[PDB]
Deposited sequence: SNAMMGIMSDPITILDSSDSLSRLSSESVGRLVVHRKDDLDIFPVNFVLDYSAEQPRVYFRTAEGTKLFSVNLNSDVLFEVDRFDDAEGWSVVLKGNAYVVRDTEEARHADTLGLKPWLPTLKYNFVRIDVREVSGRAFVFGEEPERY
């Protein structure tokens, strides 16, 4: 009654309307979470999220298994993605990620894109 399960399309549209999300990471049982500017990309067979990492926040020793979350609250809603996050590597894919409209950083900070391959989408509204 107080929790409405959203459909996947609704969930992804609403996630798409925000530009800041939270990545939840873990190395075994230590967990951490941090906000990032992201974009949702639809261009492959499955939804993908890209974000940048300048900081050792997302490191190769963290599990690739992550959650990514967006919300808006007061009633409210949240969307949780389950997936696997990887630094990008493909010269063509970095170039592609760079056309998606992430906010430019200071032109001096070197960075990598991280791609999240989305396994699951869960949206909820709470009233």
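If you line the structure up with the deposited chain, the stretches without a C-alpha atom are 1 to 9, 64 to 65, 86 to 87, 141 to 148.
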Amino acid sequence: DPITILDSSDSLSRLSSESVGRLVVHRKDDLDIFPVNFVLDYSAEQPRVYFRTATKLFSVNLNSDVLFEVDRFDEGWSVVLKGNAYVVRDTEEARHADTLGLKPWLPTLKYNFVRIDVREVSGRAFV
From here on, numbers count along this sequence of modelled residues.
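The question of which stretch, 42 to 50 or 86 to 94, has the higher mean Cα B factor is settled in favour of 42 to 50.
Higher mean CA B-factor, judged across 64 to 72 and 97 to 105 from the recorded values: 97 to 105. Note on the listed residues 14, 110, 22, 115: the highest Cα temperature factor in the record is that of 110. Looking only at 79, 57, 36, 31, the residue with the top Cα B factor in the deposited structure is 57. Among the modelled residues of the chain, residue 120 sits in the middle third by CA temperature factor in this PDB entry.
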